[PDB]
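[1] Let me see the structure of the following:
(chains A, B, C, D and E, ligands or ions: 10)
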Amino acid sequence: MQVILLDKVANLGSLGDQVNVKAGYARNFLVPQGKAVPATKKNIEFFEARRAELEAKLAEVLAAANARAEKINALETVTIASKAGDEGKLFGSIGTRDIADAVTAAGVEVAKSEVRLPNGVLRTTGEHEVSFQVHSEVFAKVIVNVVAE
Amino acid sequence: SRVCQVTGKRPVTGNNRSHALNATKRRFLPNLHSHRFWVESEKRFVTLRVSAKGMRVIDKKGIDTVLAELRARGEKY
Amino acid sequence: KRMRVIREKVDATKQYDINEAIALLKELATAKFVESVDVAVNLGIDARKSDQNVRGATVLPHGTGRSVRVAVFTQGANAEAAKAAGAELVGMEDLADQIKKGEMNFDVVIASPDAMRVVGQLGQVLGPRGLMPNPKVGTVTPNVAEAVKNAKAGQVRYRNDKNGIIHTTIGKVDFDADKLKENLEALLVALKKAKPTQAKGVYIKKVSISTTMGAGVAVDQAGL
Amino acid sequence: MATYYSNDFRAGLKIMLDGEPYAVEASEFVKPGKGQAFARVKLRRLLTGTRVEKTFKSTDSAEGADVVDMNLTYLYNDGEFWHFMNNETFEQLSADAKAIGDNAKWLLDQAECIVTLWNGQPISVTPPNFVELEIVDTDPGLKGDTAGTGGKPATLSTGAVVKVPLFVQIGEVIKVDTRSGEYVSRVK
RNA sequence: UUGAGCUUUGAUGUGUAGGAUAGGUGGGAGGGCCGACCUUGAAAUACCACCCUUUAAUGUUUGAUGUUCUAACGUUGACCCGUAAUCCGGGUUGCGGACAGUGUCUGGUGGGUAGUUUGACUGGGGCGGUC
Ligand SMILES: [Mg+2]
Ligand SMILES: [Mg+2]
Ligand SMILES: [Mg+2]
Ligand SMILES: [Mg+2]
Ligand SMILES: [Mg+2]
Ligand SMILES: [Mg+2]
Ligand SMILES: [Mg+2]
Ligand SMILES: [Mg+2]
Ligand SMILES: [Mg+2]
Ligand SMILES: [Mg+2]
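    Numbering: from 1, shown residues only, chains lettered A, B, ... in the order given. Ligands and ions are numbered 1, 2, ... in the order given. Structure data below:
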């Protein structure tokens, strides 16, 4: 399925490109999330001759805003007080939703689907390391401590 | 019924034909599949029971065109 | 080393037809002495299947005459009628004792169904392992042996079995008429595909090369 | 491949049922009062050599097969194959490992052994009942304290092992019965 | 992560007996030294030919599962709404996840079901025999 890109994607190419992609991949993931548009001649001209400047401005402004948000969530410390048993070992596993709304309480305005924590659950008390996928090319780190309430 | 909401592919009847030409009735069924399509014009997800041929027709003709054609035909989606 | 004109003129990429490099066969040679011409032939053969055996003799005309060493077994007046065919040892089980002695001169062994009795158990491990048995599909044990021996010693080039898929027979001396050798080489299909084993594989005659002793390398087409 | 009907074939026929040669050994035909006739044949699978039991229907029937046996004479072995020959046609022939199973140790050279060939091809060879063989290895028998017969293990020039009485030493030809794998006499 | 093939550069087969440090099969006197001759087996030896047996560099044609992921799809998990509703739909969320399942084609099994066949003569018919 010939498709025109509206953004830099993983292993296809930069924007403003003509790539042959599988129909399923184009239909289910790319085109719903704006990352591509089918290579109809109308869209080819509409994009190349008319949009390939404005949408580029928007893309770079967004990349800059996301690097800004990465700079802004550089407080690098956020407190979490949840219920835990003895020997640490939280009874209730704190989660991505909890981390997100806690940092929004004390920090940046960030969505719940944004945080990307590697260890998976955060079942115990203590200092933990969580990553933040704010933009497809830039990440962020926060030190999250879980104090037993 | 098993009818592709885009084309209109119905179950057609035919024959089973053996090696000795013994004919028995049978049906051919259209490869129907429930699928949610992303209508960018409406920022919405619409669910049509399409065949695979209908999926390809939508790929080629754009979803909003097919939806307008359905509204013209008088078929609630 | 003077064995490198061959490697100059080895064309493995450009395969030739029958007419192209036939005249160059001795122009590709640097031999001290004189030799013959060999052939390259193949056919799908279940290494496993034994019902794939074809023994006999192939009469290839227009060439070398009595240059073969034969051992014969006859009973009766044919013991003297066979000496009229220029045969070497037309005799009795004394020839079997010669084989026991470990004789390497005689190569093709012939009999007659009356005296075949003598032949089979005699040199029994020896002759057949020597790839020289005496089946009847080939007529190496006849009743009218006068009418066949003059041919078997005159002009016959025998087909052989090999453990490998290889089946490469022999043509005659290098110095014969090259065009006529082409016809002689062509006169082999009518028999090499006269009797298959009915379990032939993908193709019939995959290889076709004409090497004389070690000199010529003429790869050819299966059809032409 | 004349088709054969159940109430027709007695023992000896070589039926070809189900892509497989057989050999009717015994058959009992029954015609009861008020019912379809049948035959209880004592078949014989002719490739693995096991006896199968089949009740055949008057109507149910099978094609014949070219399974035949005559007296071939062993010649030589080479690699995985055994070659034999006729004394009335002198037709050459080659078998395989499957055909010579456990008769490898019984055939020497020139033995006249009946072979079953099918599709013009051997499937089973039967070694002559008694074969004269020579012993490759034995422990010099010493009576020692033996009070009974004792016996002694002895390999042969073809690999086989037989119990030989006590005196047979090395280089003595013995006679064994292929059927029982046992010593019969020391052939002088 | 690898397995089989194909142009392909090459190497490589170790017993008995022959000195052994013989791949097979024909044609078998070629290139400082072998060869044949001779010892020899079951086959006897330089010379290259047709290839088998592995082995290593590319284009190879590729499949094979084995991990991860989410977005298709499933959800007879939980909650919210239509709503005075253990249906249905929509929305958050969790779990599976390109498996499952369905369509066309195809191999197998299939008395579960269906349509049918199962001869004639005959001193009644059957069995026996016969055509
Ligand atoms: Mg009908
Ligand atoms: Mg179509
Ligand atoms: Mg899963
Ligand atoms: Mg499936
Ligand atoms: Mg079927
Ligand atoms: Mg059935
Ligand atoms: Mg029925
Ligand atoms: Mg009928
Ligand atoms: Mg009557
Ligand atoms: Mg009757």
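
[2] Just the buried residues of the longest helix belonging to chain A, please?
    If you go by DSSP state H, chain A has its longest helix at helix A:54-72. Of the residues in helix A:54-72, A:55, A:66, A:69, A:70 count as buried by neighbour count, 16 or more other C-beta atoms under 10 Å in any protein chain shown. C-beta: built from backbone N, CA, C; applies to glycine.

[3] Go through the residues you listed and name the one nearest chain D.
    Nearest to chain D out of the buried residues of helix A:54-72 is residue A:55 (C-beta to the nearest C-beta; 71.3 Å).

[4] OK, contacts around the nearest residue to residue C:141 once chain neighbours are set aside?
    Excluding the flanking residues, the one nearest residue C:141 by C-beta to C-beta, 6 or more residues apart in numbering or on different chains is residue C:111, at 4.5 Å. Residue C:111 makes contact with C:72, C:73, C:74, C:118, C:119, C:134, C:140, C:141 under the criterion C-beta atoms under 8 Å, 6 or more residues apart in numbering or on different chains.

[5] Looking at chain C, which residue is nearest RNA strand E?
    residue C:214 (2.7 Å; C-beta to the nearest atom of the strand).

[6] Now for that residue: which residues touch it?
    Each residue near residue C:214 by C-beta under 8 Å, 6+ apart is listed here: residue C:6.

[7] So it versus chain D, what's the distance?
    Distance, residue C:214 to chain D, using C-beta to the nearest C-beta, to the nearest Å: 29 Å.

[8] who in chain D is up against chain B?
    Remark: no part of chain D is in contact with chain B, using C-beta under 8 Å from any C-beta of the partner chain.

[9] which residue is nearest the middle of chain D?
    residue D:126 (3.3 Å; C-alpha atoms, centre = their mean).

[10] Not counting its neighbours along the chain, what's nearest that one?
    Spatial nearest neighbour of residue D:126, excluding adjacent residues (C-beta to C-beta, 6+ apart): residue D:114 at 4.7 Å.

[11] Just give me the neighbour total for the residue of chain D at minimum distance from chain A.
    Nearest residue of chain D to chain A (C-beta to the nearest C-beta) works out as residue D:19 at 47.0 Å. If you count neighbours by other C-beta atoms under 10 Å in any protein chain shown, residue D:19 ends up with 5.

[12] Please apply the same query to residue D:43.
    19.

[13] Now do the contacts for it.
    Shown in contact with residue D:43 (C-beta under 8 Å, 6+ apart): D:15, D:22, D:23, D:24, D:25, D:51, D:52, D:53, D:54.

[14] neighbour-wise, which of the residues you listed leads?
    The residue in the contacts of residue D:43 with the most neighbours, by other C-beta under 10 Å, is residue D:15 (24 neighbours).

[15] how close does the nearest residue to residue C:25 once chain neighbours are set aside sit to residue C:210?
    Closest residue to residue C:25 apart from its sequence neighbours, by C-beta to C-beta, 6+ apart: residue C:216 at 4.5 Å. Residue C:216 is 6 Å from residue C:210, where distance means C-beta to C-beta, to the nearest Å.

[16] Quick check: neighbours shared by these two?
    In terms of C-beta under 8 Å, 6+ apart, residue C:216 and residue C:210 are both contacted by the residues C:25, C:37.

[17] before we move on, back to that, list the residues that contact the residue of chain D closest to chain A.
    With C-beta under 8 Å, 6+ apart as the criterion, no residue contacts residue D:19.

[18] Check the one 4 residues further on too.
    The neighbours of residue D:23, taking C-beta under 8 Å, 6+ apart as the test, are D:12, D:13, D:14, D:15, D:43, D:44, D:46, D:67.

[19] Out of these, list just those in strands.
    Among these, the ones falling in strands (DSSP state E) are residue D:67.

[20] Just the buried ones among the contacts of residue D:23, please.
    Buried members of those, counted by 16+ other C-beta under 10 Å: D:13, D:14, D:15, D:43, D:44, D:46, D:67.

[21] Mind picking the two most distant members of these?
    Greatest spatial distance in the buried ones among the contacts of residue D:23: D:43 and D:67, 13.0 Å, computed using C-beta to C-beta.

[22] show me where chain A has helices.
    Remark: helices assigned in chain A by DSSP H are A:23-25, A:41-48, A:54-72, A:96-105.

[23] what's the closest of those helices to residue A:17?
    Among the helices of chain A, helix A:41-48 comes nearest to residue A:17, with 10.6 Å by C-beta to C-beta.

[24] For residue C:20, which non-adjacent residue is closest in space?
    Among residues not flanking residue C:20 along the chain, residue C:218 sits closest, at 8.0 Å (C-beta to C-beta, 6+ apart).

[25] Contact partners for the one you found?
    By C-beta under 8 Å, 6+ apart, the contact set of residue C:218 is C:16, C:20, C:21, C:22, C:24, C:25, C:209, C:210, C:211.

[26] separation between the residue of chain C most remote from its centre and residue C:30?
    Farthest-out residue of chain C from its mean C-alpha position, per C-alpha atoms, centre = their mean: residue C:1, at 32.4 Å. Going from residue C:1 to residue C:30 by C-beta to C-beta gives 10 Å.

[27] now residue C:141
    44 Å.

[28] Which single residue of chain B ends up nearest chain C?
    Closest point on chain B to chain C, by C-beta to the nearest C-beta, is residue B:19, at 26.6 Å.

[29] just to revisit the earlier point, which of the buried ones among the contacts of residue D:23 sits closest to chain B?
    Distances from chain B to these, taken by C-beta to the nearest C-beta, are shortest for residue D:15, at 27.0 Å.

[30] Enumerate every residue touching the closest one.
    Contacts for residue D:15 (C-beta under 8 Å, 6+ apart) come out as D:4, D:9, D:21, D:22, D:23, D:24, D:43, D:62, D:63, D:64, D:65.

[31] And for the most centrally placed residue in chain C, nearest residue in space, chain neighbours not counted?
    In chain C, the residue lying closest to the centroid (C-alpha atoms, centre = their mean) is residue C:158, at 3.0 Å. With C-beta to C-beta, 6+ apart as the criterion, residue C:158 has its nearest non-adjacent residue at 4.9 Å, and that residue is residue C:57.

[32] In three-state terms, how would that neighbour be classified?
    coil (DSSP: H, G, I helix; E, B strand; the rest coil).

[33] residues contacting it?
    The contact partners of residue C:57, by C-beta under 8 Å, 6+ apart, come to C:138, C:139, C:140, C:152, C:156, C:158, C:159.

[34] Give me the distance between the residue lying closest to the last one once chain neighbours are set aside and residue D:2.
    Beyond its immediate neighbours in the sequence, the residue positioned closest to residue C:159 (C-beta to C-beta, 6+ apart) is residue C:58, lying 5.5 Å away. Distance of residue C:58 to residue D:2, given as C-beta to C-beta: 38 Å.

[35] Pick out whichever of these two has more residues nearby.
    Using other C-beta under 10 Å, the more surrounded residue of residue C:58 and residue D:2 is residue C:58, with 17 against 5.

[36] quick one on the thing from earlier: looking at the contacts of residue C:57, which one is closest to chain A?
    The closest of these, once distances to chain A are taken by C-beta to the nearest C-beta, is residue C:159, at 56.5 Å.

[37] hmm, back to that, any part of the longest helix of chain A near chain B?
    No: using C-beta under 8 Å from any C-beta, helix A:54-72 stays clear of chain B, with a minimum separation of 14.8 Å.

[38] From the contact counts, what lies against that helix?
    Applying 3 or more C-beta pairs under 8 Å, 6 or more residues apart in numbering or on different chains; DSSP states H and E, one finds that helix A:54-72 makes contact with strand A:126-135, strand A:138-148.

[39] Could you dump the ones you listed into JSON lines with mean neighbour count and distance to residue D:156 added?
    Formatted as JSON lines, the helices and strands packed on helix A:54-72 follow (neighbours: other C-beta atoms under 10 Å in any protein chain shown; distance: least, C-beta to C-beta, whole Å):
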{"stretch": "strand A:126-135", "mean neighbour count": "16", "distance to residue D:156": "79"}
{"stretch": "strand A:138-148", "mean neighbour count": "16", "distance to residue D:156": "81"}
